[PDB]
Each structure stands twice: as C-alpha cells, then as structure tokens.
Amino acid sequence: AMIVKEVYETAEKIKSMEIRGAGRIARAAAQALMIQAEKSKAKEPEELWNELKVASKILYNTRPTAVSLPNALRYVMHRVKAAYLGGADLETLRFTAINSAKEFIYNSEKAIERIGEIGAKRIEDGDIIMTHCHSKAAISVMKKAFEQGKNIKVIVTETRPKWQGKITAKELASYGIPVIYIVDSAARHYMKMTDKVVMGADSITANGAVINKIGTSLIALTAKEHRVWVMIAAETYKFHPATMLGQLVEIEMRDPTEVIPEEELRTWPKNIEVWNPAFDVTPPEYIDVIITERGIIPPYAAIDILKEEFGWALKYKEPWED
C-alpha cells in the first residue's frame, strides 16, 4: 500500500511523545486516517480499504498502554469496514472514513468539556486540588471550577521522568489559577492540606482499575490514607474492552535515557539497569468516582460502561485485521 506522509509523521510523533496525552493521541490517530482518505489516490474501494487497514496498523503499533488510541481507530474502522463489506463504492468509503473520524474528534472535544462541567460540581470553593501528569480531562474539571468563581489552588506534581507537570503548571497558571509546584515525592507531605485529587486516565479496566501516569497509584494510596477523594476524569473511550475477557493492559517501558540522559548514562556502570515504566495501575478501592461524559460513576461500574458501549465488538476481530 501507499501511505501519506501524515500517517507516518503522526505515528513518529506519538512514539516520540511530541504528541501526547491519551485523548490527544486518539484524536491525532483519527485525524491521520482522515488525511489518508482525503489524499488517497486509490481507484477502487479495496485499494482504499487496504490503505486504511495498513495506516491503522502503523498507528496502533506506536504506544500500547492508552486504549484511547485503538478505540479511535476502531470507531473509524468499524464504520469504514461495514461500508466496504456492504459494497460501498469508492467515494462512499472515503466519506465513511473521513466522517467517522470527524465524529470521533468532535465527540472527544465534547466529552472533555462535559467532563469539565460535571466534575466541577464536586469541587468546592476554597478547595486545594492535587493533580498528576498533564490531563486535559482533569484540567477541564479544574478550569471549569475556577470559571465558576470558586477560589481554588492546584498542587501540580512535576511528574518524572518527562516533566508533564511543567505543562500542567504553566497551563493552569495562564488561566489565572494559583499553582503550587512540588516533586512527586512530596505528595504525602502535602496530602494533609489537599481537599481533592483530580487525575486523568489512559485505560480503565473492567474491574475498576485505572492505568494512568507512573506515580498515580502512590498519590491515590496516600489520598485514601487521608480520606481525600480521588476523582478520575476520563472519557468513555478510555475504557478498555479487552479487559472484559481477561486481558491485562500492557505497561509501556520507555527508553532509559528519559531518566538518565545519554551523555550521563553511557558513563554509568554496567551493573545498573534503569527501568522507566510510563504508567502504573491504581486499584478501584482507592478511587472515589470516575467522571465520564455520561456522568459520575463508581469505579466498579466501569464494566457497565464497557458492556453497553464495547461488548459487541469482542466476538469480532479488530476492524483492521484480515
């Protein structure tokens, strides 16, 4: 097949984390399959069906842990596939794909704003919120509370290795919101002054567990220790279907040099391995609520979300396999 440069570029930028955050990655992936259909030179349906099957594969093998990614691809390709198998002519298939992808992206933007409006009602005036990493969903909650005239402060953890915390700090500060920036080690120390914890998700499992940025389970643990509510702001497409049938989520191991720079690590002894997991898994008992765009749920209700929105596709193969 013949793939546009924007599919390859998006894939490179996902791997390299130049494009990041699970929501954004998912949009970008959908935006890429969309450009593959805008610019395709295919002459018959099957040509295009193949181009999109292969673009999807390229995009799926970028970063494993956030299921937002394959859900975006599935949203586009369940539709694209059903068009092709119902003999849609070429231009019918091109629109299915473009339009499916415009839907997903639009709904993504809609879901986040909505998560913001819902989750803000759980923020009280004077609250001190602790967050982790950079999460567009968590930030929608925090930003919306602030706009309601609640007087909040946000404790931003710096989030090693990759410093996502700086993005979070600067962003919140530019909306007017007072920020307190601390190291990830300082979470328990400052949990006493924290009223709420608000974080994102990359994958939510059938049984309620939240895969999110490494260190998430620690902040959640000590929030529980102190009875601070842990609220996970997370779209429906963050929920992981394959977990319904027994699958464990893959925990992405990133390059050691994100931790110790190349210039330095090459000088270190050989009997030191550097391990850089990108995510950990917080158990549901440490979670108060998941704020989805369909409303507040307890974490154990993740399986209802999956039953009714994702269950069907499990008896089928992936809509890009052959």
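We number the residues from 1 along the sequence you see.
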Looking at the entry, does 248-256 or 100-108 show the higher mean C-alpha B-factor? 100-108
Looking at the deposited entry, does 126-134 or 85-93 carry the larger mean Cα B-factor? 85-93
Just the C-alpha B-factor column, please: which of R160, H226, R79, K238 has the biggest number? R79
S217, C-alpha B-factor rank within chain (lowest, middle or highest third): lowest
CA B-factor placement of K57, once the chain's modelled residues are sorted into thirds: highest
Sorting the chain's modelled residues by C-alpha B-factor and splitting them into thirds places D280 in the lowest
By the record's CA B-factor, is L48 among the lowest, middle or highest third of residues in the chain? highest
Using the B-factor values recorded in the entry, state whether the Cα atom of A37 falls in the lowest, middle or highest third among the modelled residues of its chain. highest
